[PDB]
Each structure stands twice: as structure tokens, then as C-alpha cells.
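Comments concern the structure below.
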Amino acid sequence: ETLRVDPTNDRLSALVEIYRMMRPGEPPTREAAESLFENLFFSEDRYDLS
Amino acid sequence: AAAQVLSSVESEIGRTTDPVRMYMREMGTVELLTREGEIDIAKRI
């Protein structure tokens, strides 16, 4: 059901949706969205579970 | 061709109020006109 209610269809559109939720108003790009999502949880500097 | 993306952006902004974002969108409209461009512009002056 969640997949059904999900308007996104590919990786880039999901990354853009992430960008627009995190940085509303800013027109997202490929590299900006990719860097933002990667730095969210998959960067050892901006994320530590400990 | 930058206002044709700003159209969708402003139609789908996240109710933005920060002047940093508004400025950084509009200064980004105009592209880097340097080197040869700058000399041509300097001659028009």
C-alpha cells in the first residue's frame, strides 16, 4: 500500500523528494541531492551511532 | 533558460521565507559571463 501511495518512480526522483523535504524552496540537482542524502546517514563525520 | 525551472520551483516551493534562499535562487538565474563575455561587456561600456 505504501508503494502504491508513493508518487516517486526511480532513484533520482526519490532523492529529489528528499532534497525538497530537507531543503524546501531550493531547486535540487543531481549532485546536490546525492551528496545531501549520502551525508545524512552514510558519512562517518556527520553521523555516529557510537 | 532558468526562469522555466524557477516557475516549477515557485509553484512547488516549501512555503519558503528565508531571504538566503530567495536571493541564492535569483543570483543563480544569471550564468557566469566571464573571460570573452566580460571583455565584450567592457567594450559595450
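Residues are named by chain letter and number: chains run A, B, ... in the order of the C-alpha cells, numbers start at 1 in each chain, and ligands are numbered from 1 in the order shown.
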
Residues of chain A within 9 Å of chain B, using only C-alpha atoms, as a PyMOL selection string? chain A and resi 20-21+23-27

Using N, CA, C and O atoms, can you export the residues from the last selection as an mmCIF file, in the first residue's frame?
```
data_model
loop_
_atom_site.group_PDB
_atom_site.id
_atom_site.type_symbol
_atom_site.label_atom_id
_atom_site.label_comp_id
_atom_site.auth_asym_id
_atom_site.auth_seq_id
_atom_site.Cartn_x
_atom_site.Cartn_y
_atom_site.Cartn_z
ATOM 1 N N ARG A 20 13.817 18.157 -1.462
ATOM 2 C CA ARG A 20 12.773 19.158 -1.324
ATOM 3 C C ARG A 20 12.139 19.117 0.055
ATOM 4 O O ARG A 20 11.609 20.130 0.520
ATOM 5 N N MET A 21 12.162 17.964 0.722
ATOM 6 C CA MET A 21 11.697 17.932 2.103
ATOM 7 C C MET A 21 12.723 18.546 3.044
ATOM 8 O O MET A 21 12.364 19.299 3.955
ATOM 9 N N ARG A 23 15.359 20.623 2.225
ATOM 10 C CA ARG A 23 15.688 21.997 1.849
ATOM 11 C C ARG A 23 14.576 22.541 0.969
ATOM 12 O O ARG A 23 14.745 22.691 -0.247
ATOM 13 N N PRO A 24 13.421 22.842 1.553
ATOM 14 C CA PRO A 24 12.302 23.332 0.747
ATOM 15 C C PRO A 24 12.637 24.662 0.095
ATOM 16 O O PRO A 24 13.304 25.513 0.686
ATOM 17 N N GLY A 25 12.168 24.833 -1.125
ATOM 18 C CA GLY A 25 12.442 26.043 -1.887
ATOM 19 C C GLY A 25 13.668 25.985 -2.761
ATOM 20 O O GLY A 25 13.682 26.553 -3.849
ATOM 21 N N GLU A 26 14.707 25.310 -2.302
ATOM 22 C CA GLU A 26 15.923 25.210 -3.086
ATOM 23 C C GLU A 26 15.712 24.260 -4.261
ATOM 24 O O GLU A 26 15.323 23.104 -4.046
ATOM 25 N N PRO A 27 15.953 24.690 -5.494
ATOM 26 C CA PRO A 27 15.818 23.789 -6.640
ATOM 27 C C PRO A 27 16.914 22.739 -6.635
ATOM 28 O O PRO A 27 18.101 23.063 -6.785
#
```

How far is it from atom CA of residue 7 of chain B to atom CA of residue 37 of chain A, in Å with one decimal?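 Interatomic distance, atom CA of residue 7 of chain B to atom CA of residue 37 of chain A: 25.0 Å.
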
Spatial neighbours of residue 29 of chain B, 9 Å, only C-alpha atoms, chain gap at least 6 places, as a ChimeraX atom specification: /B:1-3,6

Which distance in Å separates atom CA of residue 45 of chain A and atom CA of residue 32 of chain A, to one decimal?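 Answer for the atom CA of residue 45 of chain A to atom CA of residue 32 of chain A separation: 17.7 Å.
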
Near residue 29 of chain A, within 9 Å and counting only C-alpha atoms, which residues show up once chain neighbours fewer than 3 positions away are dropped, as a count of residues only? 5

The distance between atom CA of residue 40 of chain A and atom CA of residue 8 of chain A is 19.9 Å

Any chance you could list, as a PyMOL selection string, the residues in chain B that come up alpha helix (DSSP H) when DSSP is run on the backbone? chain B and resi 3-11+19-29+36-44
